[PDB]
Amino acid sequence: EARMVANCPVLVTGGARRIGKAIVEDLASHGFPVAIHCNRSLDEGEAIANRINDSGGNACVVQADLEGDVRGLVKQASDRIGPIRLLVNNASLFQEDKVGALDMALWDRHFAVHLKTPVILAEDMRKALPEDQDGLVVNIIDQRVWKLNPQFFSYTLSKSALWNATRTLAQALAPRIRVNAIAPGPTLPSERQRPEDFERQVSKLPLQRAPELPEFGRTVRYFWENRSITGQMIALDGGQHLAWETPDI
């Protein structure tokens, strides 16, 4: 009876750059109050918020280390824009490791950022969201959870766990809070990818095209706008998870 965007405060983790920024600015331009979470990118976050507010939107910046104490984060956000109703678990760490050379410190960091904190923030959002309001969690995962391979060993396991948690969180938080996910494919070159590498990779996707940045915010809004959807994921990935031509064929 009150799901208008002005009454749906959003918290986007790692929201000051790249895909997180694209989600923040999409939601803010559609009338959602947005809390831009960041850690290192505070300058960028404040600039985004100032631009939104000067344009007549409603945005704030909140700062927290997602590998430390995140127990005040939802409250820092709700103190500024009201009880968080839509949580986008976007923040990420994407470091390579391999079976045979596993460093468990890096392992722990992947699981902290991609699994522990998203679950904790979902819990905290649920606890603080008034009972007459429904909520939504959107987890940002990775297309590779739908096409497992042995590279990026601990990273992959932590993102796969976030996809597993999307189902079990959805079951646990139903009916009042829905939990869905986005699995990006090659969207913006990683730190290890030259432009040639990103382009060659995109040309090898089944759709031969990268997800465009507007598709991410549109998908969050799609999940918000269709209340029968929970426990589900859209891969914005150019078909990557459906790639199939292996050397044995």
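All residue numbers are counted from 1 along the displayed sequence.
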query: Taking the recorded C-alpha temperature factors, which stretch has the higher mean, 146-154 or 93-101?
result: 93-101
query: Going by the B-factors listed in the PDB entry, is the mean over the C-alpha atoms higher for 222-230 or for 17-25?
result: 17-25
- request: Have a look at 207, 188, 213, 48 and flag the one whose Cα has the highest B-factor in the entry.
  value: 188
- line: Of the residues 52, 70, 202, 181, the one whose Cα carries the largest B-factor in the deposited record is 70
statement: Of the three thirds of the chain ranked by Cα temperature factor, residue 195 occupies the highest
- request: Check where residue 167 lands among this chain's C-alpha B-factors and tell me if it's the lowest, middle or highest third.
  value: lowest
- prompt: What third of its chain's C-alpha B-factors does residue 133 belong to: lowest, middle or highest?
  reply: middle
- line: Split the chain's modelled residues into thirds by Cα B-factor; residue 139 lands in the lowest
message: Ranking every modelled residue in this chain by its Cα temperature factor as given in the entry, which third contains residue 86?
response: lowest
